[PDB]
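Quick notes on the structure that follows.
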Amino acid sequence: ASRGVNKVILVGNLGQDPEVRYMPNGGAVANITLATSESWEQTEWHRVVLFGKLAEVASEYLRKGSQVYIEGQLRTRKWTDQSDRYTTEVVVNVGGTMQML
Amino acid sequence: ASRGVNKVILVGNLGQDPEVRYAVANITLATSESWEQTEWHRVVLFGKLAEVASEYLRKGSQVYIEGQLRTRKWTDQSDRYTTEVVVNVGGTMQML
Amino acid sequence: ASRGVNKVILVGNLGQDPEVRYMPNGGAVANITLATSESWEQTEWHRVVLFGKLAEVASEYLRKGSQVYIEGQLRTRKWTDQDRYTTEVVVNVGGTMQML
Amino acid sequence: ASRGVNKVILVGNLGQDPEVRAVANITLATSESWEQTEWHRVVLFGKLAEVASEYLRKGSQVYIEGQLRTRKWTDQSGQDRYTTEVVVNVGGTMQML
């Protein structure tokens with residue numbers, strides 16, 4: 001990891017059961033939408049993606065309203081649609097973690 | 001303001017000098033990772049900080065950032081979503 | 001708070017109900033010992049002190065086994081008993097506590 | 001290794017040069033203001049330990065991410081003593097700024 005730090009920590013509940021899929025060689029890719037709100041109620045939705053082991057467990061133990069802790073990195077990946085688009089996500093890979101609260 | 005923790009910590013370098021329009025500086029940083037692959041963040045500072053960055057942050061500048069993620073919805077010339085790291089309430093920025 | 005970043009993030013459980021105490025002018029001080037463990041087990045205990053509002057709430061809502069999220073700073077303070085140091089996670093400025 | 005999250009993030013400067021014994025002990029200072037500086041006892045192992053010994057000198061500014069660990073030791077008077085430190089192990093990390 002040259003250059004600075006890139007890290008996000010989230011604590012929220014999934015607004016929907018874990019969308020588990022399996023990419024080609026090595027099926028293991030889970031997608032969760034984490035919700036975190038605040039007052040002073042303004043809520044924000046998060047697109048997280050878990051891999052390998054974290055994916056599976058996500059799939060086996062995580063369900064809609066579940067609350068979880070997430071430590072991941074911020075990544076924005078572009079893609080041209082059936083019509084250029086960009087989507088930034090919180091990916092959990094290397095020094096990352098996911099956990100049931 | 002409970003129910004969940006929205007927090008991103010960043011340390012890295014600016015791509016271009018601070019684009020301050022109006023008490024709001026928009027800064028885009030870079031964070032490399034190797035095993036190359038750089039990643040670019042859209043950080044947005046307000047009030048006090050906005051001005052400090054404007055006055056002390058130049059292109060190369062290395063900084064520490066702590067804010068929250070916010071995805072905002074806008075329609076363009078012809079729907080679009082832009083997620084950025086906003087240093088608001090309990091956030092903070094500093095020169096390294 | 002220029003120069004450096006002092007910040008710890010904890011998620012764990014309270015080992016025992018919050019020991020709330022009221023300081024001189026403006027009583028609001030809570031003391032919680034947080035437990036975080038690691039298997040692969042090996043646990044580690046943390047002293048956490050809350051203040052004002054967060055203190056009150058802890059008192060009211062937290063109990064023994066409850067699980068929390070803590071964000072604060074590290075402060076080791078010296079005191080000679082009857083020379084010693086005690087390091088703790090203190091929730092002051094940009095800190096926070098949350099029941100999970 | 002669940003049940004709770006033990007994590008401290010630090011950015012700051014070394015008091016002395018790295019005291020290497022693969023294990024580097026460094027101490028870090030983070031000041032606050034409203035002065036009042038605070039001193040951290042950081043411990044690096046293996047790979048990082050050596051890097052620190054090789055590139056970190058007194059003034060060096062570094063980013064640290066580790067876990068808190070309080071160690072219980074006895075001490076010549078045969079009295080119990082406790083020392084908490086920031087240990088950069090598993091998912092930890094250190095970097096020069």
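Ligands are numbered from 1 in the order shown, residues from 1 within each chain, and chains are lettered A, B, ... in the order they appear in the structure tokens.
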### Message
Could you work out which residues of chain D fall inside 9 Å of chain C? Count only C-alpha atoms, and format the result as a PyMOL selection string.
### Response
chain D and resi 1-13+28-36+38-40+61-63+67-70+81-85
### Residues of chain A within 10 Å of chain D, counting only C-alpha atoms, as number ranges by chain
A: 1-5, 69, 94-101
Go ahead and save the picked residues with N, CA and C atoms, as a JSON list (two decimals), in the first residue's frame.
[["chain", "number", "residue", "atom", "x", "y", "z"],
["A", 1, "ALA", "N", 0.84, -1.24, 0.00],
["A", 1, "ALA", "CA", 0.00, 0.00, 0.00],
["A", 1, "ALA", "C", 0.84, 1.24, 0.00],
["A", 2, "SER", "N", 1.31, 1.65, -1.17],
["A", 2, "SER", "CA", 2.13, 2.85, -1.26],
["A", 2, "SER", "C", 1.17, 4.00, -1.16],
["A", 3, "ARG", "N", 1.73, 5.19, -0.91],
["A", 3, "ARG", "CA", 0.89, 6.36, -0.78],
["A", 3, "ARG", "C", -0.02, 6.12, 0.42],
["A", 4, "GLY", "N", -0.81, 7.14, 0.79],
["A", 4, "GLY", "CA", -1.71, 7.07, 1.93],
["A", 4, "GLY", "C", -2.59, 5.89, 2.30],
["A", 5, "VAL", "N", -3.51, 6.20, 3.20],
["A", 5, "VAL", "CA", -4.43, 5.24, 3.75],
["A", 5, "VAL", "C", -5.74, 5.49, 3.12],
["A", 69, "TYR", "N", -20.56, -4.77, 11.34],
["A", 69, "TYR", "CA", -19.44, -3.87, 11.41],
["A", 69, "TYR", "C", -18.66, -4.11, 10.15],
["A", 94, "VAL", "N", -8.14, -7.25, 1.64],
["A", 94, "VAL", "CA", -6.93, -7.39, 2.47],
["A", 94, "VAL", "C", -7.09, -7.18, 4.01],
["A", 95, "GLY", "N", -6.55, -6.08, 4.55],
["A", 95, "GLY", "CA", -6.66, -5.81, 5.99],
["A", 95, "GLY", "C", -8.07, -5.42, 6.41],
["A", 96, "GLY", "N", -9.05, -6.08, 5.78],
["A", 96, "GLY", "CA", -10.44, -5.83, 6.05],
["A", 96, "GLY", "C", -11.13, -6.85, 6.91],
["A", 97, "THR", "N", -12.35, -6.54, 7.33],
["A", 97, "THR", "CA", -13.10, -7.46, 8.17],
["A", 97, "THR", "C", -14.58, -7.14, 8.11],
["A", 98, "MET", "N", -15.37, -8.10, 8.55],
["A", 98, "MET", "CA", -16.80, -7.97, 8.57],
["A", 98, "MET", "C", -17.15, -8.73, 9.82],
["A", 99, "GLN", "N", -18.25, -8.36, 10.46],
["A", 99, "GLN", "CA", -18.62, -9.01, 11.70],
["A", 99, "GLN", "C", -20.09, -8.82, 12.11],
["A", 100, "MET", "N", -20.66, -9.80, 12.78],
["A", 100, "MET", "CA", -22.05, -9.74, 13.21],
["A", 100, "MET", "C", -22.06, -9.07, 14.55],
["A", 101, "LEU", "N", -22.97, -8.12, 14.75],
["A", 101, "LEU", "CA", -23.04, -7.37, 15.99],
["A", 101, "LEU", "C", -24.30, -7.80, 16.74]]
### Message
Please compute the atom CA of residue 73 of chain B-atom CA of residue 73 of chain A distance, one decimal, in Å.
### Response
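Straight-line distance from atom CA of residue 73 of chain B to atom CA of residue 73 of chain A works out to 22.2 Å.
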### Message
Would you mind listing, as a VMD selection string, all residues of chain B that have at least one atom within 8 Å of chain C, where only C-alpha atoms are what counts?
### Response
chain B and resid 2 90 94
### Message
as a PyMOL selection string, please: every residue in segment 5-62 of chain B that DSSP puts in helix (DSSP H, G or I).
### Response
chain B and resi 47-56
Would you save the residues of that selection, restricted to C-alpha atoms, as an mmCIF file, in the first residue's frame?
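Listing of part.cif after writing:
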data_model
loop_
_atom_site.group_PDB
_atom_site.id
_atom_site.type_symbol
_atom_site.label_atom_id
_atom_site.label_comp_id
_atom_site.auth_asym_id
_atom_site.auth_seq_id
_atom_site.Cartn_x
_atom_site.Cartn_y
_atom_site.Cartn_z
ATOM 1 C CA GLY B 47 -16.264 26.330 6.267
ATOM 2 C CA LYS B 48 -13.068 26.822 8.210
ATOM 3 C CA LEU B 49 -11.258 23.822 6.761
ATOM 4 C CA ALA B 50 -12.302 24.722 3.225
ATOM 5 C CA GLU B 51 -10.467 28.042 3.597
ATOM 6 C CA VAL B 52 -7.405 26.521 5.240
ATOM 7 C CA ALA B 53 -6.990 24.019 2.402
ATOM 8 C CA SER B 54 -7.483 26.850 -0.109
ATOM 9 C CA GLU B 55 -4.703 28.797 1.605
ATOM 10 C CA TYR B 56 -2.217 26.001 2.411
#
### Task
Mind checking which residues fall within 12 Å of residue 32 of chain B, counting only C-alpha atoms, ignoring those fewer than 3 positions away in the same chain, and posting them as a PyMOL selection string?
(chain A and resi 1-6+73-75) or (chain B and resi 10-13+29+35-41)
Would you put the residues from that selection into a file with N, CA, C and O atoms, as a PDB file, in the first residue's frame?
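Output (result_6.pdb):
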ATOM      1  N   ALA A   1       0.840  -1.238   0.000  1.00  0.00           N
ATOM      2  CA  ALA A   1       0.000   0.000   0.000  1.00  0.00           C
ATOM      3  C   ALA A   1       0.841   1.239   0.000  1.00  0.00           C
ATOM      4  O   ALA A   1       1.041   1.842   1.050  1.00  0.00           O
ATOM      5  N   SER A   2       1.314   1.648  -1.165  1.00  0.00           N
ATOM      6  CA  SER A   2       2.126   2.854  -1.260  1.00  0.00           C
ATOM      7  C   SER A   2       1.168   4.004  -1.160  1.00  0.00           C
ATOM      8  O   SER A   2      -0.043   3.828  -1.347  1.00  0.00           O
ATOM      9  N   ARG A   3       1.727   5.190  -0.913  1.00  0.00           N
ATOM     10  CA  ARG A   3       0.889   6.364  -0.782  1.00  0.00           C
ATOM     11  C   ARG A   3      -0.020   6.124   0.425  1.00  0.00           C
ATOM     12  O   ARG A   3      -0.024   5.040   0.999  1.00  0.00           O
ATOM     13  N   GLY A   4      -0.807   7.137   0.785  1.00  0.00           N
ATOM     14  CA  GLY A   4      -1.708   7.070   1.931  1.00  0.00           C
ATOM     15  C   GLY A   4      -2.588   5.892   2.304  1.00  0.00           C
ATOM     16  O   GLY A   4      -2.479   4.780   1.809  1.00  0.00           O
ATOM     17  N   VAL A   5      -3.512   6.197   3.196  1.00  0.00           N
ATOM     18  CA  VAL A   5      -4.434   5.243   3.747  1.00  0.00           C
ATOM     19  C   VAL A   5      -5.745   5.492   3.120  1.00  0.00           C
ATOM     20  O   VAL A   5      -6.083   6.639   2.868  1.00  0.00           O
ATOM     21  N   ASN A   6      -6.460   4.391   2.898  1.00  0.00           N
ATOM     22  CA  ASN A   6      -7.773   4.374   2.309  1.00  0.00           C
ATOM     23  C   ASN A   6      -8.532   3.404   3.175  1.00  0.00           C
ATOM     24  O   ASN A   6      -8.313   2.199   3.103  1.00  0.00           O
ATOM     25  N   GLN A  73     -12.145  -0.874   2.098  1.00  0.00           N
ATOM     26  CA  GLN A  73     -11.472   0.186   1.368  1.00  0.00           C
ATOM     27  C   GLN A  73     -12.474   0.726   0.408  1.00  0.00           C
ATOM     28  O   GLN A  73     -13.383   0.009   0.034  1.00  0.00           O
ATOM     29  N   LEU A  74     -12.259   1.959  -0.039  1.00  0.00           N
ATOM     30  CA  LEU A  74     -13.147   2.636  -0.962  1.00  0.00           C
ATOM     31  C   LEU A  74     -12.606   2.455  -2.361  1.00  0.00           C
ATOM     32  O   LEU A  74     -11.447   2.766  -2.627  1.00  0.00           O
ATOM     33  N   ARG A  75     -13.433   1.939  -3.257  1.00  0.00           N
ATOM     34  CA  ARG A  75     -13.021   1.730  -4.639  1.00  0.00           C
ATOM     35  C   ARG A  75     -14.122   2.191  -5.590  1.00  0.00           C
ATOM     36  O   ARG A  75     -15.296   1.914  -5.403  1.00  0.00           O
TER      37      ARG A  75
ATOM     38  N   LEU B  10      -8.569   8.761   5.650  1.00  0.00           N
ATOM     39  CA  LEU B  10      -7.750   8.759   4.464  1.00  0.00           C
ATOM     40  C   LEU B  10      -6.508   9.547   4.697  1.00  0.00           C
ATOM     41  O   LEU B  10      -6.510  10.534   5.416  1.00  0.00           O
ATOM     42  N   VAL B  11      -5.451   9.097   4.045  1.00  0.00           N
ATOM     43  CA  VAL B  11      -4.140   9.713   4.104  1.00  0.00           C
ATOM     44  C   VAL B  11      -3.698   9.578   2.663  1.00  0.00           C
ATOM     45  O   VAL B  11      -3.771   8.490   2.120  1.00  0.00           O
ATOM     46  N   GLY B  12      -3.250  10.671   2.047  1.00  0.00           N
ATOM     47  CA  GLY B  12      -2.840  10.621   0.649  1.00  0.00           C
ATOM     48  C   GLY B  12      -2.489  11.967   0.038  1.00  0.00           C
ATOM     49  O   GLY B  12      -2.356  12.964   0.748  1.00  0.00           O
ATOM     50  N   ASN B  13      -2.375  12.001  -1.285  1.00  0.00           N
ATOM     51  CA  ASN B  13      -1.958  13.219  -1.959  1.00  0.00           C
ATOM     52  C   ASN B  13      -2.944  13.768  -2.990  1.00  0.00           C
ATOM     53  O   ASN B  13      -3.614  13.013  -3.694  1.00  0.00           O
ATOM     54  N   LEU B  29      -7.832  13.349  -3.952  1.00  0.00           N
ATOM     55  CA  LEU B  29      -6.608  12.718  -3.431  1.00  0.00           C
ATOM     56  C   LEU B  29      -6.283  11.373  -4.129  1.00  0.00           C
ATOM     57  O   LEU B  29      -7.055  10.872  -4.946  1.00  0.00           O
ATOM     58  N   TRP B  35       0.869  -4.936  -5.112  1.00  0.00           N
ATOM     59  CA  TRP B  35       0.935  -6.397  -4.939  1.00  0.00           C
ATOM     60  C   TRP B  35       1.550  -7.093  -6.160  1.00  0.00           C
ATOM     61  O   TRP B  35       1.856  -6.383  -7.151  1.00  0.00           O
ATOM     62  N   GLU B  36       0.823  -2.108  -9.922  1.00  0.00           N
ATOM     63  CA  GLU B  36       0.293  -0.888  -9.173  1.00  0.00           C
ATOM     64  C   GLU B  36      -1.226  -0.717  -9.266  1.00  0.00           C
ATOM     65  O   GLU B  36      -1.885  -1.515  -9.932  1.00  0.00           O
ATOM     66  N   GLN B  37      -1.800   0.339  -8.675  1.00  0.00           N
ATOM     67  CA  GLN B  37      -3.248   0.599  -8.722  1.00  0.00           C
ATOM     68  C   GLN B  37      -3.561   1.796  -7.833  1.00  0.00           C
ATOM     69  O   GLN B  37      -3.585   1.665  -6.624  1.00  0.00           O
ATOM     70  N   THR B  38      -3.770   2.963  -8.403  1.00  0.00           N
ATOM     71  CA  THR B  38      -4.048   4.130  -7.598  1.00  0.00           C
ATOM     72  C   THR B  38      -5.525   4.245  -7.540  1.00  0.00           C
ATOM     73  O   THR B  38      -6.166   3.785  -8.466  1.00  0.00           O
ATOM     74  N   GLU B  39      -6.052   4.929  -6.531  1.00  0.00           N
ATOM     75  CA  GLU B  39      -7.488   5.114  -6.422  1.00  0.00           C
ATOM     76  C   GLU B  39      -7.682   6.569  -6.108  1.00  0.00           C
ATOM     77  O   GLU B  39      -6.951   7.117  -5.286  1.00  0.00           O
ATOM     78  N   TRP B  40      -8.678   7.186  -6.739  1.00  0.00           N
ATOM     79  CA  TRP B  40      -8.950   8.613  -6.550  1.00  0.00           C
ATOM     80  C   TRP B  40     -10.201   8.967  -5.770  1.00  0.00           C
ATOM     81  O   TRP B  40     -11.308   8.576  -6.140  1.00  0.00           O
ATOM     82  N   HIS B  41     -10.013   9.749  -4.711  1.00  0.00           N
ATOM     83  CA  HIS B  41     -11.119  10.148  -3.866  1.00  0.00           C
ATOM     84  C   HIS B  41     -11.566  11.585  -4.024  1.00  0.00           C
ATOM     85  O   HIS B  41     -10.768  12.523  -4.166  1.00  0.00           O
TER      86      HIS B  41
END
### Message
Taking only chain B into account, list the residues labelled strand (DSSP E) by DSSP (computed from the backbone), as a ChimeraX atom specification.
### Response
/B:5-14,19-21,24-32,38-46,62-74,80-87,92-95
### Test item: chain B residues at most 12 Å from chain A, counting only C-alpha atoms, as a PyMOL selection string
chain B and resi 1-14+29-42+60-73+79-85+89+96
### Task
Excluding residue 19 of chain A and any residue of its chain fewer than 4 positions from it, enumerate the residues within 10 Å of it, using only C-alpha atoms, and give them as a list in words.
residues 29, 30, 31, 32, 33, 49, 55, 58, 59 and 63 of chain A
Output the selection as a PDB file, in the first residue's frame - N, CA, C and O atoms for each residue.
ATOM      1  N   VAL A  29     -18.712 -13.958  -3.973  1.00  0.00           N
ATOM      2  CA  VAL A  29     -18.896 -12.522  -4.045  1.00  0.00           C
ATOM      3  C   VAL A  29     -20.265 -12.121  -3.545  1.00  0.00           C
ATOM      4  O   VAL A  29     -21.263 -12.320  -4.215  1.00  0.00           O
ATOM      5  N   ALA A  30     -20.294 -11.548  -2.353  1.00  0.00           N
ATOM      6  CA  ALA A  30     -21.524 -11.103  -1.727  1.00  0.00           C
ATOM      7  C   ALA A  30     -21.685  -9.570  -1.791  1.00  0.00           C
ATOM      8  O   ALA A  30     -20.720  -8.815  -1.636  1.00  0.00           O
ATOM      9  N   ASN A  31     -22.911  -9.114  -2.018  1.00  0.00           N
ATOM     10  CA  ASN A  31     -23.197  -7.686  -2.084  1.00  0.00           C
ATOM     11  C   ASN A  31     -24.198  -7.288  -1.015  1.00  0.00           C
ATOM     12  O   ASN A  31     -25.305  -7.830  -1.002  1.00  0.00           O
ATOM     13  N   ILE A  32     -23.812  -6.376  -0.116  1.00  0.00           N
ATOM     14  CA  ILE A  32     -24.720  -5.882   0.911  1.00  0.00           C
ATOM     15  C   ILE A  32     -24.907  -4.365   0.788  1.00  0.00           C
ATOM     16  O   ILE A  32     -24.049  -3.638   0.258  1.00  0.00           O
ATOM     17  N   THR A  33     -26.064  -3.906   1.253  1.00  0.00           N
ATOM     18  CA  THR A  33     -26.432  -2.504   1.200  1.00  0.00           C
ATOM     19  C   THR A  33     -26.610  -2.144   2.640  1.00  0.00           C
ATOM     20  O   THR A  33     -27.597  -2.513   3.263  1.00  0.00           O
ATOM     21  N   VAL A  49     -19.196  -4.910  -0.722  1.00  0.00           N
ATOM     22  CA  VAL A  49     -19.021  -6.178  -1.430  1.00  0.00           C
ATOM     23  C   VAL A  49     -17.980  -7.011  -0.687  1.00  0.00           C
ATOM     24  O   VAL A  49     -16.867  -6.554  -0.431  1.00  0.00           O
ATOM     25  N   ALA A  55     -17.700 -13.627   2.154  1.00  0.00           N
ATOM     26  CA  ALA A  55     -18.873 -13.710   1.299  1.00  0.00           C
ATOM     27  C   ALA A  55     -19.804 -14.802   1.819  1.00  0.00           C
ATOM     28  O   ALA A  55     -20.947 -14.548   2.191  1.00  0.00           O
ATOM     29  N   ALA A  58     -21.389 -14.311   5.098  1.00  0.00           N
ATOM     30  CA  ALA A  58     -22.364 -13.262   4.906  1.00  0.00           C
ATOM     31  C   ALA A  58     -23.653 -13.969   4.475  1.00  0.00           C
ATOM     32  O   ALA A  58     -24.732 -13.775   5.053  1.00  0.00           O
ATOM     33  N   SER A  59     -23.493 -14.825   3.471  1.00  0.00           N
ATOM     34  CA  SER A  59     -24.578 -15.597   2.887  1.00  0.00           C
ATOM     35  C   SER A  59     -25.264 -16.538   3.873  1.00  0.00           C
ATOM     36  O   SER A  59     -26.487 -16.680   3.871  1.00  0.00           O
ATOM     37  N   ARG A  63     -28.873 -11.572   7.309  1.00  0.00           N
ATOM     38  CA  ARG A  63     -30.233 -11.476   6.754  1.00  0.00           C
ATOM     39  C   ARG A  63     -30.820 -10.073   6.933  1.00  0.00           C
ATOM     40  O   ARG A  63     -30.716  -9.483   8.009  1.00  0.00           O
TER      41      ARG A  63
END
### Task
Name the residues in contact with residue 27 of chain B at a cut-off of 8 Å, using only C-alpha atoms, excluding same-chain residues fewer than 4 positions from it; report them as a count of residues only.
10
### Query
Smallest atom-to-atom distance to chain A: which of C:50, C:18, C:82, C:66, using only C-alpha atoms?
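With only C-alpha atoms as the atom set, the closest residue is C:66.
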